[PDB]
Each structure stands twice: as C-alpha cells, then as structure tokens.
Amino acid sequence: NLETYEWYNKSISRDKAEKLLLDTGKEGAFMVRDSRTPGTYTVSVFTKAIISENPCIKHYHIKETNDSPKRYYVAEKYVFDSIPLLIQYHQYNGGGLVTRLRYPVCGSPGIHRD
C-alpha cells in the first residue's frame, strides 16, 4: 500500500539509494526504503548543508509504536542506557542531529567556565 507513493523504494540497498539521491543533486531529494525489522523504515535525504566536502545523505529511522491501531515517528536508530551516555555519543557523532554536541552551556546567572 506504500507502493503507490513515488518516494517508496521498498527493497533497494543503502548504497544505490545514496547513488540515486546524489545524482539528482536537488536539495531535499528523498526516498523511503525498508529497514531490518518490519514496521521500521528509513528515510534518506540529499542535502548540501554541512560543507565537509559536500554533500551528505542523511538517514533517519521511522519507528512504530505499540498502539491501537499503530503510530509512527521519526527517531534515531539507537537507544541508550543513560542520558549522559546518549549525550556522550553525540559529542563525537552527529547521529540524527544537524551538528553534534561540541560545547555545553550553563545558564546559571553570572557563571563561567574553568
């Protein structure tokens, strides 16, 4: 039933998804494909934001809930035992985020670092 939408690419591999999206060269070119577990999908989007030798294809998970009937949401591929560990992770890896967490700020008034 997803098969009736232009963006649904069912079976295709990550690598050919990336090739197809790169070739378009259009900002916000995208495709939905299938993920490892059923009920889970993957959005893949072309972007020229982060010049780090442009461009990038971002991949997102679409998880489902345990509802009646069922709901869907965009989330990262990962869960963490701890918020600090989830933060730790995102200092070194962008993940589902635009930039990754380089610099904590404390907003207690009159406070400064080191």
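Numbers for residues come from their place in the sequence shown, where the first is 1.
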Check your understanding: Mean C-alpha B-factor higher for 82-90, or for 49-57?
Key -> 49-57
Review point. In the PDB record, does 72-80 or 38-46 carry the higher mean Cα temperature factor?
Key: 38-46
Exercise for review: State the tercile, meaning the lowest, middle or highest third, of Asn1 with respect to the CA B-factors recorded for its chain.
Suggested key: highest
Point to revise | Third of the chain, ranked by Cα B-factor, where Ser13 sits | key: middle
